[PDB]
file data_24.cif (mmCIF, C-alpha atoms)
data_my_file
loop_
_atom_site.label_atom_id
_atom_site.label_comp_id
_atom_site.auth_asym_id
_atom_site.auth_seq_id
_atom_site.Cartn_x
_atom_site.Cartn_y
_atom_site.Cartn_z
CA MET G 23 0.00 0.00 0.00
CA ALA G 24 1.01 3.65 -0.42
CA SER G 25 3.07 4.86 2.54
CA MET G 26 2.08 8.29 3.90
CA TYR G 27 5.08 10.48 4.77
CA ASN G 28 4.82 12.79 7.79
CA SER G 29 2.15 10.37 8.97
CA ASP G 30 1.93 11.97 12.44
CA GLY G 31 1.53 15.52 11.12
CA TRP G 32 -1.37 17.40 9.62
CA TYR G 33 -3.58 17.47 6.53
CA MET G 34 -3.68 20.54 4.33
CA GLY G 35 -7.05 21.66 5.68
CA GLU G 36 -5.81 21.34 9.25
CA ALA G 37 -2.66 23.29 8.42
CA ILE G 38 -4.65 26.10 6.81
CA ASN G 39 -6.90 26.17 9.86
CA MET G 40 -3.80 26.57 12.08
CA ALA G 41 -2.24 29.20 9.81
CA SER G 42 -5.53 31.11 9.96
CA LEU G 43 -5.43 31.13 13.77
CA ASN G 44 -8.66 29.10 13.69
CA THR G 45 -10.54 31.70 11.66
CA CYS G 46 -10.99 29.37 8.66
CA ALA G 47 -12.42 25.87 9.04
CA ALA G 48 -11.14 24.57 5.68
CA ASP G 49 -13.87 21.91 5.70
CA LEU G 50 -13.46 19.24 2.99
CA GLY G 51 -17.10 19.14 1.97
CA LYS G 52 -17.29 22.89 1.52
CA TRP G 53 -14.05 22.85 -0.47
CA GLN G 54 -15.45 20.11 -2.72
CA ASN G 55 -18.66 22.08 -3.23
CA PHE G 56 -16.60 25.19 -4.07
CA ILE G 57 -14.60 23.20 -6.61
CA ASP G 58 -17.79 21.90 -8.24
CA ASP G 59 -19.24 25.42 -8.42
CA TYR G 60 -16.15 27.37 -9.47
CA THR G 61 -15.06 24.89 -12.13
CA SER G 62 -18.48 25.29 -13.74
CA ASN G 63 -19.10 29.04 -13.54
CA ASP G 64 -17.17 31.72 -15.44
CA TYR G 65 -14.93 32.88 -12.59
CA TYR G 66 -11.81 30.88 -13.51
CA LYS G 67 -12.43 28.97 -16.74
CA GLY G 68 -11.15 30.88 -19.75
CA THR G 69 -8.59 32.92 -17.82
CA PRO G 70 -5.41 32.93 -19.90
CA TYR G 71 -2.44 30.91 -18.66
CA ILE G 72 0.53 33.27 -18.69
CA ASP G 73 4.25 32.83 -17.99
CA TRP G 74 4.70 35.09 -14.97
CA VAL G 75 5.08 33.18 -11.74
CA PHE G 76 3.14 35.80 -9.73
CA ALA G 77 0.07 35.84 -12.01
CA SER G 78 -2.94 35.29 -9.74
CA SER G 79 -5.79 37.28 -11.36
CA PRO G 80 -8.69 35.15 -12.59
CA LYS G 81 -11.45 36.51 -14.81
CA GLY G 82 -13.58 36.87 -11.68
CA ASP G 83 -10.93 38.94 -9.81
CA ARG G 84 -8.63 40.73 -12.26
CA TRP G 85 -6.85 42.52 -9.45
CA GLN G 86 -3.31 42.70 -10.81
CA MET G 87 -4.59 44.60 -13.85
CA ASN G 88 -5.32 47.56 -11.56
CA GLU G 89 -1.95 47.90 -9.83
CA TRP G 90 1.61 48.39 -11.06
CA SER G 91 1.81 44.63 -11.80
CA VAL G 92 -0.20 45.28 -14.96
CA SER G 93 2.99 45.80 -16.95
CA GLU G 94 4.34 42.33 -16.21
CA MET G 95 0.90 40.83 -16.76
CA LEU G 96 0.55 42.40 -20.21
CA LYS G 97 3.98 41.28 -21.42
CA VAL G 98 3.12 37.62 -21.11
CA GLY G 99 -0.46 37.79 -22.36
CA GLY G 100 -2.59 38.91 -19.46
CA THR G 101 -5.59 40.99 -20.56
CA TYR G 102 -7.77 43.68 -19.02
CA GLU G 103 -10.79 41.62 -20.03
CA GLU G 104 -9.79 38.24 -18.57
CA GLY G 105 -6.77 38.71 -16.34
CA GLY G 106 -4.14 35.99 -16.23
CA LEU G 107 -2.96 33.07 -14.11
CA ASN G 108 0.11 30.94 -13.62
CA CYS G 109 -0.03 27.56 -11.95
CA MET G 110 0.75 28.38 -8.28
CA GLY G 111 -1.08 31.66 -8.55
CA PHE G 112 -4.19 29.81 -9.63
CA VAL G 113 -4.05 27.26 -6.82
CA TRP G 114 -3.36 30.06 -4.32
CA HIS G 115 -6.30 32.08 -5.53
CA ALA G 116 -8.67 29.10 -5.70
CA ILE G 117 -7.87 27.99 -2.16
CA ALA G 118 -8.03 31.57 -0.82
CA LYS G 119 -11.30 32.21 -2.61
CA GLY G 120 -12.77 28.98 -1.27
CA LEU G 121 -11.76 30.00 2.25
CA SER G 122 -13.34 33.42 1.70
CA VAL G 123 -16.60 31.86 0.48
CA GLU G 124 -16.66 29.47 3.48
CA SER G 125 -15.74 32.02 6.18
CA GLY G 126 -17.14 35.30 4.90
CA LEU G 127 -13.68 36.88 5.27
CA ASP G 128 -12.19 38.95 2.45
CA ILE G 129 -9.89 37.08 0.10
CA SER G 130 -7.18 39.62 0.95
CA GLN G 131 -7.19 38.13 4.45
CA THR G 132 -7.61 34.45 3.58
CA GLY G 133 -4.79 34.54 1.01
CA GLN G 134 -2.43 35.08 3.94
CA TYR G 135 -3.22 31.53 5.10
CA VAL G 136 -2.33 29.83 1.81
CA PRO G 137 1.15 29.19 0.39
CA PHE G 138 2.23 30.60 -2.96
CA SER G 139 5.80 31.77 -3.46
CA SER G 140 8.29 32.91 -0.87
CA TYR G 141 8.88 35.99 -3.07
CA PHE G 142 5.31 37.11 -3.72
CA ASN G 143 5.11 39.24 -0.56
CA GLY G 144 8.44 40.92 -1.32
CA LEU G 145 7.16 41.77 -4.78
CA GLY G 146 5.15 44.59 -3.24
CA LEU G 147 1.55 44.13 -4.36
CA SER G 148 -1.59 44.80 -2.31
CA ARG G 149 -2.18 41.15 -1.44
CA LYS G 150 0.02 38.81 0.56
CA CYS G 151 0.38 35.05 0.83
CA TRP G 152 1.38 32.79 3.70
CA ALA G 153 4.81 33.17 5.28
CA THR G 154 6.41 31.81 8.43
CA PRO G 155 6.99 34.27 11.27
CA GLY G 156 10.62 34.20 10.16
CA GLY G 157 9.62 35.38 6.67
CA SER G 158 10.00 32.17 4.62
CA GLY G 159 7.29 30.87 2.32
CA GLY G 160 6.25 28.61 -0.52
CA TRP G 161 5.03 25.06 -0.69
CA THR G 162 7.93 22.99 0.62
CA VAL G 163 8.38 25.44 3.50
CA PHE G 164 4.67 25.01 4.26
CA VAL G 165 4.98 21.21 4.11
CA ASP G 166 7.91 21.26 6.54
CA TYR G 167 6.42 23.90 8.83
CA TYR G 168 3.12 22.07 9.31
CA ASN G 169 4.54 18.54 8.93
CA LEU G 170 2.04 17.96 6.15
CA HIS G 171 1.03 14.44 5.29
CA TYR G 172 2.10 13.57 1.76
CA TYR G 173 2.37 10.74 -0.71
CA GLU G 174 4.97 10.31 -3.47
CA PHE G 175 4.29 8.31 -6.63
CA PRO G 176 6.77 7.44 -9.34
CA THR G 177 4.01 7.03 -11.95
CA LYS G 178 0.57 8.39 -12.60
CA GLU G 179 -0.76 4.82 -12.79
CA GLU G 180 0.53 4.08 -9.27
CA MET G 181 -1.05 7.33 -7.97
CA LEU G 182 -4.43 6.67 -9.59
CA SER G 183 -4.56 3.03 -8.42
CA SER G 184 -3.45 3.76 -4.84
CA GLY G 185 -6.89 4.53 -3.41
CA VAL G 186 -5.59 7.66 -1.73
CA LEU G 187 -6.89 10.55 -3.81
CA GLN G 188 -9.99 12.60 -3.02
CA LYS G 189 -11.41 15.64 -4.80
CA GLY G 190 -9.71 18.67 -3.27
CA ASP G 191 -6.28 17.13 -2.74
CA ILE G 192 -3.32 19.12 -4.02
CA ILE G 193 -1.10 17.42 -6.60
CA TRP G 194 2.40 18.46 -7.61
CA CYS G 195 3.91 17.22 -10.85
CA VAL G 196 7.64 17.13 -10.21
CA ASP G 197 9.91 17.91 -13.16
CA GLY G 198 11.99 14.81 -13.79
CA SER G 199 14.80 16.96 -15.20
CA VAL G 200 15.67 18.00 -11.62
CA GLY G 201 14.51 15.13 -9.42
CA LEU G 202 11.89 12.66 -8.21
CA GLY G 203 9.15 13.18 -5.66
CA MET G 204 9.50 15.60 -2.78
CA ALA G 205 13.28 15.95 -3.14
CA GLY G 206 12.74 17.12 -6.72
CA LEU G 207 10.14 19.64 -5.59
CA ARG G 208 12.67 21.16 -3.20
CA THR G 209 14.89 21.96 -6.15
CA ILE G 210 14.43 25.12 -8.19
CA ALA G 211 13.14 24.03 -11.59
CA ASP G 212 11.64 25.40 -14.78
CA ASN G 213 8.54 23.24 -14.91
CA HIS G 214 7.16 21.81 -11.67
CA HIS G 215 3.35 22.04 -11.89
CA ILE G 216 0.55 22.16 -9.32
CA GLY G 217 -3.21 21.59 -9.45
CA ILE G 218 -6.24 20.47 -7.46
CA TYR G 219 -7.56 16.93 -7.92
CA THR G 220 -11.12 16.80 -9.22
CA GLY G 221 -11.54 13.10 -9.97
CA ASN G 222 -13.30 10.22 -8.26
CA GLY G 223 -10.23 8.57 -6.75
CA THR G 224 -9.08 6.74 -9.83
CA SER G 225 -10.02 9.06 -12.70
CA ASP G 226 -7.39 11.34 -14.24
CA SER G 227 -8.80 14.80 -13.59
CA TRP G 228 -7.58 18.00 -11.98
CA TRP G 229 -8.16 21.74 -11.92
CA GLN G 230 -5.20 23.84 -12.97
CA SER G 231 -3.84 26.69 -15.02
CA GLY G 232 -1.28 25.40 -17.48
CA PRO G 233 -1.13 22.49 -19.94
CA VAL G 234 -4.54 21.13 -20.96
CA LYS G 235 -3.50 18.80 -23.80
CA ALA G 236 -0.35 16.80 -23.02
CA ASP G 237 2.62 16.43 -20.68
CA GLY G 238 5.24 19.00 -21.64
CA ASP G 239 2.99 20.94 -24.02
CA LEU G 240 3.04 24.61 -23.02
CA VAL G 241 1.45 25.76 -26.27
CA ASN G 242 -1.99 24.36 -25.52
CA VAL G 243 -2.70 25.89 -22.13
CA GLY G 244 -5.60 27.26 -20.16
CA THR G 245 -7.42 27.39 -16.85
CA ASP G 246 -9.73 24.40 -16.71
CA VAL G 247 -10.36 20.86 -15.59
CA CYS G 248 -8.28 18.38 -17.60
CA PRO G 249 -6.14 15.29 -17.16
CA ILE G 250 -3.12 15.58 -14.88
CA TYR G 251 -0.51 16.80 -17.38
CA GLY G 252 2.83 18.14 -16.24
CA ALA G 253 4.54 21.20 -17.66
CA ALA G 254 7.62 18.98 -17.76
CA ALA G 255 8.05 16.15 -20.27
CA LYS G 256 8.82 13.73 -17.44
CA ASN G 257 7.03 13.75 -14.10
CA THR G 258 6.65 12.08 -10.78
CA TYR G 259 3.95 13.10 -8.33
CA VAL G 260 3.50 14.44 -4.82
CA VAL G 261 0.03 14.44 -3.27
CA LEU G 262 -0.89 16.71 -0.36
CA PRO G 263 -4.22 15.37 0.90
CA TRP G 264 -6.74 17.95 2.03
CA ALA G 265 -8.27 15.77 4.72
CA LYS G 266 -8.47 12.19 5.93
CA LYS G 267 -10.14 9.93 3.36
CA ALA G 268 -13.58 8.41 3.95
#
call {"tool": "encode", "arguments": {"input": "data_24.cif", "output": "structure tokens"}}
result
Amino acid sequence: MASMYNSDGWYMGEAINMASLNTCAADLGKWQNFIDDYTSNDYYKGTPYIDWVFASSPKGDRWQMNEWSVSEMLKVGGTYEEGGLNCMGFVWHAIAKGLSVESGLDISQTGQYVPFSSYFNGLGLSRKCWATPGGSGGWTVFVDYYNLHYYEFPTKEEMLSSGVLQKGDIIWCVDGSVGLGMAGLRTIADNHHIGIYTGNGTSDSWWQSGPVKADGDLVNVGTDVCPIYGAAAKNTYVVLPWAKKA
């Protein structure tokens, strides 16, 4: 069976709850309902995928188009009409927005409880993402800080046959040009890719901004539900479960 690393630690929902100082419940069912609703409406779908790591402005919240960030957004294909997203920026926004819907708090507050990049805060925009009290940030820092439960899979087939995945889990595709599994994710790389699982436990389905057609294809890109395709040609997988499974 699949061995869970950091087995005595915390699930993603629990970690977010802690980061929020118990202001956000991060309930699995509500997150799943949010995913169903916001994959179907016109808030995210259709937002251009753009090659700026800090892009986090979906069609429904085109916020970076109305601050100094607009210049960087425009260079890489962001638009005033539909905004623009990159992969981590999308997952950050989706989680933050879900927490805002659940709690009634403004997304500007809930985004502070969700990891993104350790350099997003230093960029100097109006919104901030999670950081440690010491000022570090990003996904592997979050995993280590909260001792997050995680799984590693060398193949997509192993992941999808493991019985571990639930809708709402976070999946990282780890660029096989820099490493395998979690160790690979700790290494700076061109093409690690993140998304939110939307399948039934065995189906190949996730919600992401990035490749929608094939592993390694960065021409055919968008913000949508699609199979789990990496930005890299070769991938292994890290799963950060949202909550304990049924």
call {"tool": "atom_distance", "arguments": {"input": "data_24.cif", "atom1": "CA of residue 149 (chain G)", "atom2": "CA of residue 55 (chain G)"}}
result
25.3 Å
call {"tool": "resolve_selection", "arguments": {"input": "data_24.cif", "expression": "the PyMOL selection byres ((chain G and resi 213) around 12)", "output": "PyMOL selection string"}}
result
chain G and resi 73+75+108-110+194-201+206-207+209-212+214-216+232-233+237-240+251-257
call {"tool": "residues_near_point", "arguments": {"input": "data_24.cif", "point": "(-8.5, 2.5, -12.1)", "cutoff": "8 Å", "atoms": "only C-alpha atoms", "output": "compact mmCIF listing (two decimals) with C-alpha atoms, in the coordinates of the input"}}
result
# COMPACT_ATOMS: atom_id res chain seq x y z
CA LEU G 182 -4.43 6.67 -9.59
CA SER G 183 -4.56 3.03 -8.42
CA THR G 224 -9.08 6.74 -9.83
CA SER G 225 -10.02 9.06 -12.70
call {"tool": "closest_residue", "arguments": {"input": "data_24.cif", "among": "G:118, G:243, G:268, G:95", "to": "residue 71 (chain G)", "atoms": "all atoms listed in the file"}}
result
G:243
call {"tool": "closest_residue", "arguments": {"input": "data_24.cif", "among": "G:244, G:94, G:86, G:39", "to": "residue 136 (chain G)", "atoms": "only C-alpha atoms"}}
result
G:39
call {"tool": "atom_distance", "arguments": {"input": "data_24.cif", "atom1": "CA of residue 114 (chain G)", "atom2": "CA of residue 161 (chain G)"}}
result
10.4 Å
call {"tool": "atom_distance", "arguments": {"input": "data_24.cif", "atom1": "CA of residue 264 (chain G)", "atom2": "CA of residue 147 (chain G)"}}
result
28.2 Å
call {"tool": "closest_residue", "arguments": {"input": "data_24.cif", "among": "G:68, G:104, G:171, G:217", "to": "residue 31 (chain G)", "atoms": "only C-alpha atoms"}}
result
G:171
call {"tool": "closest_residue", "arguments": {"input": "data_24.cif", "among": "G:191, G:64, G:174, G:180", "to": "residue 28 (chain G)", "atoms": "only C-alpha atoms"}}
result
G:174
call {"tool": "residues_around", "arguments": {"input": "data_24.cif", "residues": "residue 59 (chain G)", "least_positions_apart": "4", "cutoff": "12 Å", "atoms": "all atoms listed in the file", "output": "count of residues only"}}
result
14
call {"tool": "residues_around", "arguments": {"input": "data_24.cif", "residues": "residue 173 (chain G)", "least_positions_apart": "2", "cutoff": "6 Å", "atoms": "all atoms listed in the file", "output": "PyMOL selection string"}}
result
chain G and resi 26+260-261
call {"tool": "closest_residue", "arguments": {"input": "data_24.cif", "among": "G:112, G:145, G:30, G:42", "to": "residue 127 (chain G)", "atoms": "only C-alpha atoms"}}
result
G:42
call {"tool": "closest_residue", "arguments": {"input": "data_24.cif", "among": "G:113, G:250, G:92, G:163", "to": "residue 234 (chain G)", "atoms": "only C-alpha atoms"}}
result
G:250
call {"tool": "axis_aligned_box", "arguments": {"input": "data_24.cif", "around": "region 147-161 of chain G", "padding_each_side": "6 Å", "output": "lines of an AutoDock Vina configuration file"}}
result
center_x = 4.2
center_y = 34.9
center_z = 3.5
size_x = 24.8
size_y = 31.7
size_z = 27.6
